[PDB]
Amino acid sequence: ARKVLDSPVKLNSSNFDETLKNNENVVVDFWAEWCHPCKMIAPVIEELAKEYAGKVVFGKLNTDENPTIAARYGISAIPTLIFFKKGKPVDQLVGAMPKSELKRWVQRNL
């Protein structure tokens, strides 16, 4: 059938902590419009968001627009992906990565 959320969703101060609290599995993509590697992986994240629709919520946290939230996790390079299980960070991926590696990363934590 069709899922409620099947694509990446914008996160900011109005829904970041709430999304983590109310969804068992969340992947947050920390990104910025000036980051070339971020743009390079965006299509892969979209595809995985469709593939794991209903299982994993893919959030996008713009680091320019939400510096405090990014600083909370010590984001020192982008793109950084963090896997949140039950609202807690349990794994991370830093820098652009192939889809195959990205998917295995999800499967390892989901």
# chains A, B, ... in the order shown; residues from 1 in each chain; ligands from 1
>>> residues_around(residues="region 55-68 of chain A", least_positions_apart="3", cutoff="6 Å", atoms="only C-alpha atoms", output="JSON, numbers by chain")
{"A": [8, 9, 10, 11, 25, 26, 27, 28, 29, 30, 31, 32, 49, 52, 71]}
>>> write_last_selection(atoms="N, CA, C and O atoms", output="PDB file, in the first residue's frame")
ATOM      1  N   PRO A   8      12.126  12.310   2.580  1.00  0.00           N
ATOM      2  CA  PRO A   8      12.761  13.059   3.669  1.00  0.00           C
ATOM      3  C   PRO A   8      11.905  14.226   4.154  1.00  0.00           C
ATOM      4  O   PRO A   8      11.237  14.872   3.347  1.00  0.00           O
ATOM      5  N   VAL A   9      11.925  14.480   5.459  1.00  0.00           N
ATOM      6  CA  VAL A   9      11.114  15.538   6.056  1.00  0.00           C
ATOM      7  C   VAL A   9      12.005  16.565   6.750  1.00  0.00           C
ATOM      8  O   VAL A   9      12.998  16.219   7.391  1.00  0.00           O
ATOM      9  N   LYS A  10      11.641  17.834   6.609  1.00  0.00           N
ATOM     10  CA  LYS A  10      12.394  18.926   7.208  1.00  0.00           C
ATOM     11  C   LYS A  10      12.245  18.912   8.724  1.00  0.00           C
ATOM     12  O   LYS A  10      11.135  18.843   9.245  1.00  0.00           O
ATOM     13  N   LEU A  11      13.372  18.968   9.423  1.00  0.00           N
ATOM     14  CA  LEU A  11      13.370  19.058  10.880  1.00  0.00           C
ATOM     15  C   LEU A  11      13.960  20.386  11.336  1.00  0.00           C
ATOM     16  O   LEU A  11      14.928  20.880  10.756  1.00  0.00           O
ATOM     17  N   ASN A  25      12.472   4.790  14.882  1.00  0.00           N
ATOM     18  CA  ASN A  25      13.682   4.810  14.074  1.00  0.00           C
ATOM     19  C   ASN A  25      13.742   6.041  13.185  1.00  0.00           C
ATOM     20  O   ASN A  25      12.914   6.214  12.286  1.00  0.00           O
ATOM     21  N   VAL A  26      14.728   6.896  13.447  1.00  0.00           N
ATOM     22  CA  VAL A  26      14.913   8.123  12.685  1.00  0.00           C
ATOM     23  C   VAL A  26      16.359   8.258  12.224  1.00  0.00           C
ATOM     24  O   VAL A  26      17.291   8.102  13.013  1.00  0.00           O
ATOM     25  N   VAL A  27      16.529   8.535  10.934  1.00  0.00           N
ATOM     26  CA  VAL A  27      17.821   8.912  10.383  1.00  0.00           C
ATOM     27  C   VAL A  27      17.802  10.411  10.112  1.00  0.00           C
ATOM     28  O   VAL A  27      16.979  10.893   9.334  1.00  0.00           O
ATOM     29  N   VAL A  28      18.696  11.149  10.763  1.00  0.00           N
ATOM     30  CA  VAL A  28      18.783  12.589  10.553  1.00  0.00           C
ATOM     31  C   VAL A  28      19.981  12.919   9.679  1.00  0.00           C
ATOM     32  O   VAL A  28      21.113  12.557   9.994  1.00  0.00           O
ATOM     33  N   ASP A  29      19.705  13.600   8.573  1.00  0.00           N
ATOM     34  CA  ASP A  29      20.731  14.084   7.660  1.00  0.00           C
ATOM     35  C   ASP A  29      21.071  15.532   7.991  1.00  0.00           C
ATOM     36  O   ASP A  29      20.261  16.428   7.775  1.00  0.00           O
ATOM     37  N   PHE A  30      22.264  15.748   8.536  1.00  0.00           N
ATOM     38  CA  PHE A  30      22.747  17.095   8.827  1.00  0.00           C
ATOM     39  C   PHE A  30      23.443  17.650   7.589  1.00  0.00           C
ATOM     40  O   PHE A  30      24.451  17.103   7.147  1.00  0.00           O
ATOM     41  N   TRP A  31      22.902  18.735   7.039  1.00  0.00           N
ATOM     42  CA  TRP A  31      23.308  19.218   5.723  1.00  0.00           C
ATOM     43  C   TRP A  31      23.269  20.737   5.622  1.00  0.00           C
ATOM     44  O   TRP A  31      22.782  21.417   6.521  1.00  0.00           O
ATOM     45  N   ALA A  32      23.777  21.259   4.508  1.00  0.00           N
ATOM     46  CA  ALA A  32      23.729  22.689   4.223  1.00  0.00           C
ATOM     47  C   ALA A  32      23.779  22.912   2.716  1.00  0.00           C
ATOM     48  O   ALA A  32      24.332  22.097   1.979  1.00  0.00           O
ATOM     49  N   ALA A  49      14.480   6.707   1.630  1.00  0.00           N
ATOM     50  CA  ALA A  49      13.298   7.174   2.344  1.00  0.00           C
ATOM     51  C   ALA A  49      12.047   6.484   1.802  1.00  0.00           C
ATOM     52  O   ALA A  49      11.135   6.160   2.559  1.00  0.00           O
ATOM     53  N   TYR A  52      12.352   2.510   2.837  1.00  0.00           N
ATOM     54  CA  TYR A  52      12.108   2.208   4.245  1.00  0.00           C
ATOM     55  C   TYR A  52      10.932   2.998   4.808  1.00  0.00           C
ATOM     56  O   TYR A  52      10.802   3.165   6.022  1.00  0.00           O
ATOM     57  N   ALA A  71      25.114  21.618  16.832  1.00  0.00           N
ATOM     58  CA  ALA A  71      26.158  21.703  17.846  1.00  0.00           C
ATOM     59  C   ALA A  71      25.890  20.735  18.999  1.00  0.00           C
ATOM     60  O   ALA A  71      26.822  20.266  19.656  1.00  0.00           O
TER      61      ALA A  71
END
>>> residues_around(residues="residue 88 (chain A)", least_positions_apart="6", cutoff="12 Å", atoms="only C-alpha atoms", output="list in words")
residues 17, 19, 20, 21, 22, 23, 24, 25, 26, 27, 28, 73, 82 and 109 of chain A
>>> select_by_dssp(residues="chain A", states="strand (DSSP E)", output="count of residues only")
28
>>> closest_residue(among="A:102, A:86, A:75, A:18", to="residue 42 (chain A)", atoms="only C-alpha atoms")
A:102
>>> atom_distance(atom1="CA of residue 36 (chain A)", atom2="CA of residue 72 (chain A)")
23.1 Å
>>> select_by_dssp(residues="region 26-81 of chain A", states="alpha helix (DSSP H)", output="PyMOL selection string")
chain A and resi 36-51+67-72
>>> atom_distance(atom1="CA of residue 95 (chain A)", atom2="CA of residue 76 (chain A)")
10.6 Å
>>> atom_distance(atom1="CA of residue 105 (chain A)", atom2="CA of residue 69 (chain A)")
22.7 Å
>>> closest_residue(among="A:108, A:85, A:99, A:2", to="residue 41 (chain A)", atoms="only C-alpha atoms")
A:99
